[PDB]
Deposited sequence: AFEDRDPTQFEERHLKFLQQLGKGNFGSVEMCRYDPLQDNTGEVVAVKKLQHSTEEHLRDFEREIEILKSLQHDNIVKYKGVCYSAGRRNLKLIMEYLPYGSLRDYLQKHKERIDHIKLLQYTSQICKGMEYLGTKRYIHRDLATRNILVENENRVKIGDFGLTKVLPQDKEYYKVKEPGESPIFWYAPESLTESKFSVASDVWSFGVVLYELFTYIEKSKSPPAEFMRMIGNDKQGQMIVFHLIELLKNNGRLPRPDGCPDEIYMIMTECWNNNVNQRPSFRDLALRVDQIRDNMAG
């Protein structure tokens, strides 16, 4: 849980954005062995960036579930004047990258297994009153061809005790009330989950949510005019189309997640049971 900087050895850069993640080996016996881990760092520790990184760490440390990336600890580097987060290393990277690269390692059985696993991770988040706010396949990590886990808790908020929403952008995954009122909730996570289910069945092909919504809106639109047209389109029932080859019953689940009426969206528990019944009945 506390990792010494002198024993954390660099293996590979894994991603860069606010921060970056590297693969490292933790080798305290200095003999070229040790566990392989993923290390997240800031790229600026301001009063605010660091408070928020600390909150992200506390959030991840508080979670223990099969479909959530495992917290391992922190490293206080630069002679204890910097902070890095230590997580397990998942070899196949983001689900967005994995689907696009390994397009037939993957069939609909695997897609519905990943869908189930994401729903169960989100059920677990709900028990802690955590709203993820950035559910997308870029933020889901692949352990192996049968197991994915939710990552990136950088945007996650904790519901106040007496409220069912938090008022606070990946606009093409946002629910309409998040666009118009900055309101996030379990129900807006279910809206974003419907977009993740759409991303899975497009296999990450010109079919991405930004590409398809910009085609609907007008490809030439720029700046706030995009947001104005995306809000007006969503409020009057404009939706992403059914992906090629997607079963109607899986499109129905996306459609029900994308309800403008916040209280009529299904829960993650409803979704996991429905998806697993679909899996078990085929």
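According to the record, C-alpha coordinates are lacking for deposited residues 1 to 7, 25, 177 to 181, 219, 297 to 298.
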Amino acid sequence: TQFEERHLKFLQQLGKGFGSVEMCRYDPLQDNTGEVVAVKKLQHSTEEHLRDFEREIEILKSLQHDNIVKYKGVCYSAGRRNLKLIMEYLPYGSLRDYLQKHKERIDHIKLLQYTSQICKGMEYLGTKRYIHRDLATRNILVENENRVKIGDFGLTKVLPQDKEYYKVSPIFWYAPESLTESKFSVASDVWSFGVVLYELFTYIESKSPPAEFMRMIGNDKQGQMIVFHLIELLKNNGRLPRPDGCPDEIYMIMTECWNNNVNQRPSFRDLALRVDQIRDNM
From here on, numbers count along this sequence of modelled residues.
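Heads up, when I say rigid core I mean the largest set of C-alphas that superpose within 1.5 Å between the two forms.
With 119 to 127 and 146 to 154 as candidates, the stretch whose CA atoms show the greater average offset from this form in 7 other deposited structures of this protein after a core fit is 146 to 154. Stretch comparison, 184 to 192 versus 94 to 102: after rigid core superposition, larger RMS CA deviation in 7 other deposited structures of this protein is found for 94 to 102.
According to the PDB record, 32 to 40 carries the higher mean C-alpha B-factor of the two stretches 32 to 40 and 234 to 242. Across the two stretches, 2 to 10 and 273 to 281, the PDB entry reports the greater mean Cα temperature factor for 2 to 10.
Across 190, 171, 99, 140, the entry's maximum B-factor at the CA atom is seen for 99.
Per the deposited coordinates, the residue with the largest Cα temperature factor out of 84, 103, 108, 147 is 103. The entry lists a Cα temperature factor for residue 229 that places it in the lowest third of the chain's modelled residues. Looking at the C-alpha B-factors along this chain, the one for residue 205 belongs to the highest third. Placement of the Cα temperature factor of residue 45 within the chain: highest third of the modelled residues, per the deposited record.
Among the modelled residues of its chain, residue 164 has a C-alpha B-factor that falls in the highest third according to the deposited record.
Annotation for residue 121: CA B-factor lies in the lowest third of the chain's modelled residues.
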